[PDB]
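Chains as they are written, first to last, in the deposited numbering: chain A, 1 to 306; chain B, 1 to 306.
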């Protein structure tokens, strides 16, 4: 029993973290086999911040412009290239702690763990969702750039996120591991702002299912709803539209609890319209949207507390 | 910017998790140098689990009946003993992944990270507090016993918790690394129940300092309170009484911000009496109590671990 925002264990990623320095800018890098990945903005000067041309900045560097360190030990750079918004630095040693890994580009509403690092050393781990608008509501300070977001399936690390920047509202923006930004952002200091965001409806339903599996039913009701009528209400409360595919994803949680998806939507509709009347669900006073159906199935018993 | 509940990076602990099996019972052990620590109730049988005589049962256990697996490696048990509610199993291989470590007994209200584990395989990591009622609000399923809680101080892991059991309200109970329970609980199946709990005032104050450090201060006012007046109010709201010792523990945060603890208490008092009027503090609509004054510094200042 219990339910808490849980991260994947961070050890497989800890053994890949390095420091990368170019000029006097330093940030984190990710060292897999014989390559180090980091935000390309490591090469930006004091002014270059505003309008950098990265092709032009990079052609002016050699392999020895880059100081990569694993702890206090320097790894020599024997090649370099730019891939979208990342650098790929080849080094003359391989990382024997390299785990089995993939690179994946995740969809908004999906969750992942972030190992926050500074100067190539781990500070902490936390679990978050990519917002529907592609920003992350993270906890990052100056120098956290290059920390990575990931999930782990059995012993395989799926890297999904690299941190590049912070926006004026204090949310965070970054790239996948091919260097392409999540959301309509660029790596320069300009007037950029997070887009409109919505609540992740699929995840709020999943979490109401988690509360049932864990024994709680107070918020259910005797009603059903059509998918359409549910959206007509929920879209008034800034919720993401729910599609039939999202209904289908909830099938296994539905079967485990004996509550039909549209009956759970009818419950949600009521919570939205009436509020929680000072009650809690899984100890929360608000509706939580940072657990996917997959997270709920991984964390909760396969046996409902009836 | 942003504020998250952050766990310690878990890598140093993952390298210590093993699986321990006795007949049909499987749980987790902690492998440090040539000793494996685990809950003494691993020697119990599929149903022999209410009121066992552990001393009598251990009599009939030989070394060879303990099966200890580290990944796919078998670790041969060459010695065993009971220490309070733990077994210490001597094995023939000293753990090459042993970190610098200490065993410490955590005090009520202090936090730690939990590495949830099943079949000796780490599953997830989350942060919790030791509640004033001596339970933790964890997230644990059958097979999690022997999962451990810890803190890190530079390069040194302080182990402070080993999981033994779930209580009827779905909170959790366990021991320190000398096998002595936190609270009045026992490792048998009796009627035992969590006492009433209270909000950890020391941590609520710490987190309000963190809010101020982060620029969120709207709740500050020009007034002060006495400790006695503050406790009369806090006690109405089911908050732990604030002592002079807690006032001193908040000294560094108070010095950093120039806000005397009793001035922060006068802020807190108005919050409890009037609520937040729809405003947030560090993104929350509630007063968070699972961040210690020590957590606050580590998150605000980017402390790392080597």
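Virtual Cβ for every residue (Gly too), placed ideally from N, Cα, C.
Residue 39 of chain B is bridged by DSSP to B:86. In chain order, 134 place their CB closer than 6 Å to the CB of residue 183 of chain B, counting only its own chain and leaving out the 5 sequence neighbours on each side.
Runs of the beta strand (DSSP E) lying entirely within the region 137–203 of chain B and spanning at least 3 residues, in chain order: 148–153, 156–166 and 172–175. Residue contact with chain A for residue 137 of chain B: present (Cβ-Cβ distance below 8 Å to some residue of chain A). The C-alpha of residue 160 of chain B is placed about 36 Å away from the C-alpha of residue 164 of chain A.
With 16 or more other Cβ atoms inside 10 Å of its own Cβ, residue 207 of chain A counts as buried. Here the region 111–122 of chain A makes contact with the region 26–44 of chain A; the two share three or more CB pairs at distances below 8 Å.
A contact between stretches requires three or more CB pairs, one per stretch, nearer than 8 Å, and the region 218–225 of chain A meets this requirement with the region 259–269 of chain A. Neighbours of residue 217 of chain A across chain B, judged by C-beta separation under 7 Å, do not exist; the nearest C-beta is about 15 Å away. Take residue 138 of chain A, set aside five residues on each side of it, and the residues of its chain with a beta-carbon closer than 7 Å to its own are 114, 128 and 172, in chain order. With fewer than 16 neighbouring CB atoms inside 10 Å of its own CB, residue 49 of chain B falls in the exposed class. Rounded to the nearest angstrom, the Cβ distance from residue 130 of chain B to residue 106 of chain B is 5 Å, consistent with a contact under 8 Å. With a threshold of 8 Å between beta carbons, residue 6 of chain A makes contact with chain B. Of the residues B:194, B:238, B:251 and B:271, the one whose Cα lies closest to the Cα of residue 296 of chain B is B:251. In the structure shown, the three-state DSSP call for residue 220 of chain A is coil.
The CB of residue 64 of chain B never comes closer than 7 Å to any CB in chain A; the least such distance is about 30 Å. Put simply, the region 279–291 of chain A does not touch the region 88–108 of chain B. Fewer than three CB pairs are less than 8 Å apart. Boundaries cannot be given for residue 260 of chain B, as no beta strand (DSSP E) includes it and DSSP labels it neither H nor E. Within the region 224–244 of chain B, no residue places its CB atom closer than 7 Å to a CB of chain A. The way I'd put it, the region 239–248 of chain B does touch the region 186–206 of chain B; three or more beta-carbon pairs between them come closer than 8 Å. Per DSSP, the unbroken beta strand (DSSP E) holding residue 29 of chain A starts and ends at 25–32. Chain order gives no chain B residues near residue 133 of chain A, where near means a beta carbon separation below 9 Å; the closest approach is about 15 Å.
In the DSSP assignment, residue 102 of chain A falls within the beta strand (DSSP E) that extends over 101–103. Straight through space, the alpha carbons of residue 14 of chain A and residue 112 of chain A are spaced by roughly 16 Å. The residue from A:94, A:82 and A:61 with its alpha-carbon nearest to that of residue 33 of chain A is A:94. The residue among B:204, B:293, B:228 and B:260 with its C-alpha nearest the C-alpha of residue 271 of chain B is B:204. Assigned with DSSP and collapsed to three states, residue 67 of chain A falls in strand. Using a Cβ-Cβ cut-off of 8 Å, residue 303 of chain B counts as an interface residue toward chain A, since at least one Cβ of chain A sits closer than that to its own. Chain-ordered listing is empty here: chain B has no CB closer than 9 Å to the CB of residue 37 of chain A, the nearest sitting near 19 Å. Distance from the CA of residue 209 of chain A to the CA of residue 231 of chain A, rounded to the nearest whole angstrom, comes to 19 Å.
Going by DSSP, residue 115 of chain A is part of the beta strand (DSSP E) stretching over 111–118. In the structure shown, residue 251 of chain A adopts helical secondary structure according to DSSP, grouped into three states. Residue 211 of chain A has its alpha-carbon roughly 50 Å from the corresponding atom of residue 67 of chain A.
Taking 8 Å as the cut-off, the beta carbon of residue 188 of chain A is found no closer than this to the beta carbon of residue 84 of chain A.
When Cβ-Cβ separations below 8 Å define contact, residue 158 of chain B makes no contact with chain A.
Between the alpha carbons of residue 282 of chain B and residue 170 of chain A lies a distance of about 11 Å.
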